[PDB]
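One file, structure_35.pdb, carrying PDB, C-alpha atoms:
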ATOM      1  CA  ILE A   1     147.333  43.089  -9.221  1.00  0.00           C
ATOM      2  CA  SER A   2     144.638  40.510  -8.585  1.00  0.00           C
ATOM      3  CA  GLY A   3     142.363  40.448 -11.609  1.00  0.00           C
ATOM      4  CA  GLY A   4     139.989  37.955 -13.183  1.00  0.00           C
ATOM      5  CA  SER A   5     136.410  39.098 -13.641  1.00  0.00           C
ATOM      6  CA  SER A   6     137.808  42.260 -15.183  1.00  0.00           C
ATOM      7  CA  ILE A   7     139.490  40.119 -17.811  1.00  0.00           C
ATOM      8  CA  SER A   8     136.252  38.379 -18.713  1.00  0.00           C
ATOM      9  CA  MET A   9     135.313  41.805 -20.016  1.00  0.00           C
ATOM     10  CA  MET A  10     138.618  42.528 -21.711  1.00  0.00           C
ATOM     11  CA  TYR A  11     138.883  39.028 -23.125  1.00  0.00           C
ATOM     12  CA  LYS A  12     135.408  39.312 -24.600  1.00  0.00           C
ATOM     13  CA  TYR A  13     136.870  41.967 -26.868  1.00  0.00           C
ATOM     14  CA  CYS A  14     139.615  39.613 -27.988  1.00  0.00           C
ATOM     15  CA  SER A  15     137.012  36.886 -28.324  1.00  0.00           C
ATOM     16  CA  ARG A  16     136.036  38.857 -31.404  1.00  0.00           C
ATOM     17  CA  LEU A  17     139.003  37.129 -32.996  1.00  0.00           C
ATOM     18  CA  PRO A  18     138.441  34.871 -36.014  1.00  0.00           C
ATOM     19  CA  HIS A  19     140.000  31.768 -34.508  1.00  0.00           C
ATOM     20  CA  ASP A  20     137.239  32.237 -31.961  1.00  0.00           C
ATOM     21  CA  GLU A  21     134.198  30.122 -32.743  1.00  0.00           C
ATOM     22  CA  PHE A  22     132.103  32.396 -30.559  1.00  0.00           C
ATOM     23  CA  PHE A  23     133.264  35.431 -32.502  1.00  0.00           C
ATOM     24  CA  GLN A  24     130.530  37.314 -34.318  1.00  0.00           C
ATOM     25  CA  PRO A  25     130.923  39.039 -37.693  1.00  0.00           C
ATOM     26  CA  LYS A  26     131.509  42.756 -37.280  1.00  0.00           C
ATOM     27  CA  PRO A  27     134.939  43.280 -35.706  1.00  0.00           C
ATOM     28  CA  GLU A  28     138.214  43.159 -37.601  1.00  0.00           C
ATOM     29  CA  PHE A  29     141.753  42.081 -36.799  1.00  0.00           C
ATOM     30  CA  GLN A  30     145.000  42.935 -38.546  1.00  0.00           C
ATOM     31  CA  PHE A  31     148.603  42.317 -37.566  1.00  0.00           C
ATOM     32  CA  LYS A  32     151.653  44.101 -38.925  1.00  0.00           C
ATOM     33  CA  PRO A  33     154.976  42.290 -38.492  1.00  0.00           C
ATOM     34  CA  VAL A  34     157.850  44.661 -37.821  1.00  0.00           C
ATOM     35  CA  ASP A  35     161.438  44.455 -36.637  1.00  0.00           C
ATOM     36  CA  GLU A  36     162.236  44.222 -32.944  1.00  0.00           C
ATOM     37  CA  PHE A  37     162.848  47.945 -33.251  1.00  0.00           C
ATOM     38  CA  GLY A  38     159.095  48.280 -32.895  1.00  0.00           C
ATOM     39  CA  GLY A  39     157.757  44.840 -32.056  1.00  0.00           C
ATOM     40  CA  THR A  40     154.537  44.396 -33.994  1.00  0.00           C
ATOM     41  CA  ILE A  41     151.800  46.784 -35.056  1.00  0.00           C
ATOM     42  CA  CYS A  42     148.289  45.745 -34.096  1.00  0.00           C
ATOM     43  CA  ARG A  43     145.531  47.096 -36.309  1.00  0.00           C
ATOM     44  CA  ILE A  44     141.973  46.706 -35.077  1.00  0.00           C
ATOM     45  CA  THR A  45     138.909  48.248 -36.675  1.00  0.00           C
ATOM     46  CA  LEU A  46     135.276  47.936 -35.661  1.00  0.00           C
ATOM     47  CA  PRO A  47     132.199  48.234 -37.890  1.00  0.00           C
ATOM     48  CA  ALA A  48     130.277  51.456 -38.388  1.00  0.00           C
ATOM     49  CA  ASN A  49     127.990  49.888 -35.812  1.00  0.00           C
ATOM     50  CA  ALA A  50     130.713  50.793 -33.344  1.00  0.00           C
ATOM     51  CA  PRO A  51     132.118  54.263 -32.633  1.00  0.00           C
ATOM     52  CA  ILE A  52     135.596  53.793 -31.217  1.00  0.00           C
ATOM     53  CA  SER A  53     137.649  50.656 -30.691  1.00  0.00           C
ATOM     54  CA  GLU A  54     140.372  51.059 -33.290  1.00  0.00           C
ATOM     55  CA  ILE A  55     143.888  50.700 -31.936  1.00  0.00           C
ATOM     56  CA  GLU A  56     146.991  51.027 -34.078  1.00  0.00           C
ATOM     57  CA  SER A  57     150.379  51.028 -32.389  1.00  0.00           C
ATOM     58  CA  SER A  58     153.192  48.642 -31.541  1.00  0.00           C
ATOM     59  CA  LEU A  59     154.117  47.607 -28.020  1.00  0.00           C
ATOM     60  CA  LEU A  60     154.694  43.867 -28.114  1.00  0.00           C
ATOM     61  CA  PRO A  61     157.242  42.016 -30.256  1.00  0.00           C
ATOM     62  CA  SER A  62     154.546  39.403 -30.739  1.00  0.00           C
ATOM     63  CA  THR A  63     151.406  39.551 -32.846  1.00  0.00           C
ATOM     64  CA  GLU A  64     149.311  37.623 -30.352  1.00  0.00           C
ATOM     65  CA  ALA A  65     150.432  39.994 -27.622  1.00  0.00           C
ATOM     66  CA  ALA A  66     150.599  43.059 -29.839  1.00  0.00           C
ATOM     67  CA  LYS A  67     146.965  42.371 -30.648  1.00  0.00           C
ATOM     68  CA  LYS A  68     146.244  41.935 -26.957  1.00  0.00           C
ATOM     69  CA  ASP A  69     147.450  45.495 -26.505  1.00  0.00           C
ATOM     70  CA  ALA A  70     145.218  47.077 -29.119  1.00  0.00           C
ATOM     71  CA  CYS A  71     142.550  44.645 -27.977  1.00  0.00           C
ATOM     72  CA  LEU A  72     143.019  45.703 -24.374  1.00  0.00           C
ATOM     73  CA  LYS A  73     143.308  49.349 -25.349  1.00  0.00           C
ATOM     74  CA  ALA A  74     140.270  48.834 -27.549  1.00  0.00           C
ATOM     75  CA  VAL A  75     138.262  47.637 -24.574  1.00  0.00           C
ATOM     76  CA  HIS A  76     139.246  50.740 -22.642  1.00  0.00           C
ATOM     77  CA  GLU A  77     138.434  52.939 -25.614  1.00  0.00           C
ATOM     78  CA  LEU A  78     135.044  51.257 -25.641  1.00  0.00           C
ATOM     79  CA  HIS A  79     134.805  51.229 -21.864  1.00  0.00           C
ATOM     80  CA  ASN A  80     135.638  54.905 -21.517  1.00  0.00           C
ATOM     81  CA  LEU A  81     132.909  55.563 -24.057  1.00  0.00           C
ATOM     82  CA  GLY A  82     130.564  52.595 -24.204  1.00  0.00           C
ATOM     83  CA  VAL A  83     127.872  54.328 -26.223  1.00  0.00           C
ATOM     84  CA  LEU A  84     127.162  51.301 -28.383  1.00  0.00           C
ATOM     85  CA  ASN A  85     126.816  48.909 -25.470  1.00  0.00           C
ATOM     86  CA  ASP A  86     123.542  48.062 -27.170  1.00  0.00           C
ATOM     87  CA  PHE A  87     125.501  46.718 -30.117  1.00  0.00           C
ATOM     88  CA  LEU A  88     127.782  44.648 -27.917  1.00  0.00           C
ATOM     89  CA  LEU A  89     126.792  41.858 -25.559  1.00  0.00           C
ATOM     90  CA  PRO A  90     126.170  43.141 -22.026  1.00  0.00           C
ATOM     91  CA  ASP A  91     127.213  41.503 -18.776  1.00  0.00           C
ATOM     92  CA  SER A  92     124.753  38.812 -19.788  1.00  0.00           C
ATOM     93  CA  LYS A  93     127.337  37.421 -22.177  1.00  0.00           C
ATOM     94  CA  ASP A  94     130.007  38.291 -19.640  1.00  0.00           C
ATOM     95  CA  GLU A  95     128.549  35.514 -17.520  1.00  0.00           C
ATOM     96  CA  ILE A  96     131.597  33.399 -18.264  1.00  0.00           C
ATOM     97  CA  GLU A  97     135.006  32.561 -16.848  1.00  0.00           C
ATOM     98  CA  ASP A  98     137.873  35.003 -17.218  1.00  0.00           C
ATOM     99  CA  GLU A  99     139.797  32.283 -19.017  1.00  0.00           C
ATOM    100  CA  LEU A 100     136.746  31.173 -20.960  1.00  0.00           C
ATOM    101  CA  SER A 101     136.390  34.626 -22.468  1.00  0.00           C
ATOM    102  CA  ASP A 102     138.659  35.718 -25.294  1.00  0.00           C
TER     103      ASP A 102
END

Write the structure described by the file as structure tokens, please.
Amino acid sequence: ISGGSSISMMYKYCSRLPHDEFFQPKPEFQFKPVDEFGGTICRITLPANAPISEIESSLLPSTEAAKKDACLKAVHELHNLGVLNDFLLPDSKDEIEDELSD
């Protein structure tokens, strides 16, 4: 699987993180630490300005990764729909490196 540019789009979603200086106020991030019996639970919730994007479910034993899941799944949930693309930065903001993003 040779990806890159596709990430720039997926990473952008993660870029919504707080630690991110380029992250705008609107998105939300929440991590739920659980036993290895269910890795970690990633809880993401977007503003009313956004329809879907929420992703709650474990998959990774790590928060950073667990979040990546919901974050990744969130992108898809937004990609599959993408009805508020007007609320989110278009490809214009996607004009960045795959690594740069997120």

Mind listing whatever residues come within 6 Å of the point (153.9, 47.0, -29.0)? Use all atoms listed in the file, file coordinates, and give them as a PyMOL selection string.
chain A and resi 39-40+58-60+66

Please provide the set of residues having any atom within 10 Å of residue 3 in chain A, restricted to only C-alpha atoms, with same-chain residues fewer than 4 positions apart removed, written as a ChimeraX atom specification.
/A:7-8,98

Work out how far apart CA of residue 73 in chain A and CA of residue 53 in chain A are and give it in Å to one decimal.
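We find that CA of residue 73 in chain A and CA of residue 53 in chain A lie 7.9 Å from each other.
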
Please expand the PyMOL selection byres ((chain A and resi 42) around 8) into the concrete residues it hits in this file, giving the result as a PyMOL selection string.
chain A and resi 29-32+40-41+43-44+55-58+63+66-67+69-70

Skipping near chain neighbours, those fewer than 4 positions away, what residues fall within 12 Å of residue 92 in chain A using only C-alpha atoms, listed as a short mmCIF file (atom, residue, chain, number, x, y, z; two decimals) with C-alpha atoms, keeping the file's coordinate frame?
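Contents of selection_1.cif, as written:
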data_model
loop_
_atom_site.label_atom_id
_atom_site.label_comp_id
_atom_site.auth_asym_id
_atom_site.auth_seq_id
_atom_site.Cartn_x
_atom_site.Cartn_y
_atom_site.Cartn_z
CA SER A 8 136.25 38.38 -18.71
CA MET A 9 135.31 41.80 -20.02
CA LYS A 12 135.41 39.31 -24.60
CA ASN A 85 126.82 48.91 -25.47
CA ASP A 86 123.54 48.06 -27.17
CA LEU A 88 127.78 44.65 -27.92
CA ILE A 96 131.60 33.40 -18.26
#

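Distances from A:33, A:18, A:90, A:51 to residue 77 in chain A were compared using only C-alpha atoms, and the smallest one belongs to A:51.
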
Residue by residue, what does the PyMOL selection byres ((chain A and resi 87) around 12) grab here? Present the result as a compact mmCIF listing (two decimals) with C-alpha atoms, keeping the file's coordinate frame.
# COMPACT_ATOMS: atom_id res chain seq x y z
CA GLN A 24 130.53 37.31 -34.32
CA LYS A 26 131.51 42.76 -37.28
CA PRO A 27 134.94 43.28 -35.71
CA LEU A 46 135.28 47.94 -35.66
CA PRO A 47 132.20 48.23 -37.89
CA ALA A 48 130.28 51.46 -38.39
CA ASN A 49 127.99 49.89 -35.81
CA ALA A 50 130.71 50.79 -33.34
CA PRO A 51 132.12 54.26 -32.63
CA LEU A 78 135.04 51.26 -25.64
CA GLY A 82 130.56 52.60 -24.20
CA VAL A 83 127.87 54.33 -26.22
CA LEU A 84 127.16 51.30 -28.38
CA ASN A 85 126.82 48.91 -25.47
CA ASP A 86 123.54 48.06 -27.17
CA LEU A 88 127.78 44.65 -27.92
CA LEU A 89 126.79 41.86 -25.56
CA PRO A 90 126.17 43.14 -22.03

Of the candidates A:16, A:93, A:75, A:101, which one gets nearest to residue 52 in chain A if we count all atoms listed in the file?
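Answer, going by the shortest atom-to-atom distance: A:75.
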
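Distances to residue 17 in chain A were evaluated for A:62, A:68, A:80, A:36 using all atoms listed in the file, and the minimum falls at A:68.
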
Centre, edges in Å (one decimal): axis-aligned box, range 16-27 of chain A, 6 Å padding on all six sides, as AutoDock Vina command-line options:
--center_x 135.3 --center_y 36.7 --center_z -34.1 --size_x 21.5 --size_y 25.2 --size_z 19.1

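Residue neighbourhood of residue 19 in chain A, excluding near-sequence residues (fewer than 6 positions): residues 28, 29, 64 and 102 of chain A, at 12 Å, using all atoms listed in the file.
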
Residue nearest residue 54 in chain A among A:13, A:25, A:5, A:38 (counting only C-alpha atoms):
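When distances to residue 54 in chain A are compared using only C-alpha atoms, the smallest one comes from A:13.
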
Of the residues A:71, A:23, A:37, A:79, which is the one nearest to residue 11 in chain A, using all atoms listed in the file?
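Among A:71, A:23, A:37, A:79, it is A:71 that comes nearest to residue 11 in chain A.
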
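Pairwise distance (CA of residue 6 in chain A, CA of residue 65 in chain A) equals 17.9 Å.
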
In Å, rounded to a single decimal, give me how far CA of residue 45 in chain A is from CA of residue 1 in chain A.
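CA of residue 45 in chain A lies at a distance of 29.2 Å from CA of residue 1 in chain A.
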
How would range 10-26 of chain A read, as a short mmCIF file (atom, residue, chain, number, x, y, z; two decimals), in the frame of the given file, once N, CA, C and O atoms are built in?
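Resulting contents of result_25.cif:
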data_model
loop_
_atom_site.label_atom_id
_atom_site.label_comp_id
_atom_site.auth_asym_id
_atom_site.auth_seq_id
_atom_site.Cartn_x
_atom_site.Cartn_y
_atom_site.Cartn_z
N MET A 10 137.57 42.19 -20.76
CA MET A 10 138.62 42.53 -21.71
C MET A 10 138.81 41.41 -22.74
O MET A 10 139.03 41.69 -23.92
N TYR A 11 138.72 40.18 -22.26
CA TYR A 11 138.88 39.03 -23.12
C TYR A 11 137.76 38.96 -24.16
O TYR A 11 138.00 38.58 -25.31
N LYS A 12 136.57 39.33 -23.72
CA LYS A 12 135.41 39.31 -24.60
C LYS A 12 135.74 40.06 -25.89
O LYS A 12 135.34 39.65 -26.98
N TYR A 13 136.48 41.15 -25.73
CA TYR A 13 136.87 41.97 -26.87
C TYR A 13 137.78 41.18 -27.81
O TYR A 13 137.66 41.29 -29.03
N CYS A 14 138.68 40.41 -27.22
CA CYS A 14 139.62 39.61 -27.99
C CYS A 14 138.85 38.44 -28.59
O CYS A 14 139.19 37.96 -29.67
N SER A 15 137.83 38.00 -27.87
CA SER A 15 137.01 36.89 -28.32
C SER A 15 136.47 37.17 -29.73
O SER A 15 136.04 36.25 -30.43
N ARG A 16 136.51 38.44 -30.10
CA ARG A 16 136.04 38.86 -31.40
C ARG A 16 136.96 38.33 -32.50
O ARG A 16 136.69 38.51 -33.69
N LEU A 17 138.03 37.69 -32.07
CA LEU A 17 139.00 37.13 -33.00
C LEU A 17 138.30 36.13 -33.92
O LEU A 17 137.20 35.66 -33.61
N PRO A 18 138.98 35.81 -35.05
CA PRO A 18 138.44 34.87 -36.01
C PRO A 18 138.56 33.43 -35.50
O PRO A 18 137.59 32.68 -35.55
N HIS A 19 139.75 33.10 -35.03
CA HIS A 19 140.00 31.77 -34.51
C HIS A 19 138.92 31.40 -33.48
O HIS A 19 138.70 30.23 -33.21
N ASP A 20 138.29 32.44 -32.95
CA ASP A 20 137.24 32.24 -31.96
C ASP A 20 135.96 31.78 -32.66
O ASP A 20 135.50 32.42 -33.61
N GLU A 21 135.42 30.67 -32.17
CA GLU A 21 134.20 30.12 -32.74
C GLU A 21 132.98 30.90 -32.25
O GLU A 21 131.92 30.85 -32.86
N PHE A 22 133.17 31.60 -31.14
CA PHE A 22 132.10 32.40 -30.56
C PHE A 22 132.19 33.85 -31.02
O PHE A 22 131.46 34.71 -30.52
N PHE A 23 133.08 34.09 -31.97
CA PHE A 23 133.26 35.43 -32.50
C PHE A 23 132.21 35.75 -33.57
O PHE A 23 132.02 34.97 -34.50
N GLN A 24 131.56 36.88 -33.39
CA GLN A 24 130.53 37.31 -34.32
C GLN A 24 131.13 38.22 -35.40
O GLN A 24 132.15 38.86 -35.17
N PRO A 25 130.46 38.23 -36.58
CA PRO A 25 130.92 39.04 -37.69
C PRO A 25 130.61 40.52 -37.46
O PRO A 25 129.45 40.89 -37.27
N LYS A 26 131.66 41.32 -37.48
CA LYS A 26 131.51 42.76 -37.28
C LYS A 26 132.88 43.38 -37.04
O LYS A 26 133.26 44.34 -37.71
#
